[PDB]
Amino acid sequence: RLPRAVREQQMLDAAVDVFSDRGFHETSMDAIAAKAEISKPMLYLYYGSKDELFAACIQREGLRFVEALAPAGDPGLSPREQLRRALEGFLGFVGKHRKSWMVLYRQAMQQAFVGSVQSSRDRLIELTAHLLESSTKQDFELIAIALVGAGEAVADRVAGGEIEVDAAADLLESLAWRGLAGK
């Protein structure tokens, strides 16, 4: 009769839809319940409020996001190859999971989930400065912040299918090594 993470995954997929479709405030438990084709009373027995569901959804899409970066965390990798693999994983994920990129990029810097993912964002900026430092033997935090901001806006266009992953990863790699060596 549909056990564990299966009813779960259906509710979260539908929440993602409605949240990315309409945004947090204009999304309703009503509309999510219809999308999951489950009863509204049912939904509340799992989530209980719109924002609690919004945080579960945010938690889950956040996870797929960092998993997509995982290959960059591989061992023996040159700074360059970590950056390239992260850019490509990030950008490939957005391209395939545009709905979840939208929820995420929104949550980032609503305010409720603006401190889960801004702290995530900041951690990501910190990771980037270290690898930019890990390259050439604080202009570095600064290049990092500019590169992440650039990646965020470019990701938007990748999610909307206006830019190919490769074209996008290409631009971001050289912004990083040539905003670096450039001025």
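All residue numbers refer to positions in the sequence shown, first residue = 1.
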What is the count, as a class, of unmodelled deposited residues between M109 and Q110: none, 1 to 3, 4 to 9, or 10 or more? 1 to 3
When the C-alpha temperature factors are averaged for each of 21-29 and 157-165, which stretch ends up with the higher value in the entry? 21-29
Tell me which of 116-124 and 148-156 has the higher mean C-alpha B-factor in the deposited entry. 116-124
Among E67, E61, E133, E52, single out the one with the highest C-alpha B factor in the record, please. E133
Chain-relative C-alpha B factor for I143 (record values, thirds): the lowest
Could you place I38 in the lowest, middle or highest third of its chain by Cα temperature factor, using the values in the record? highest
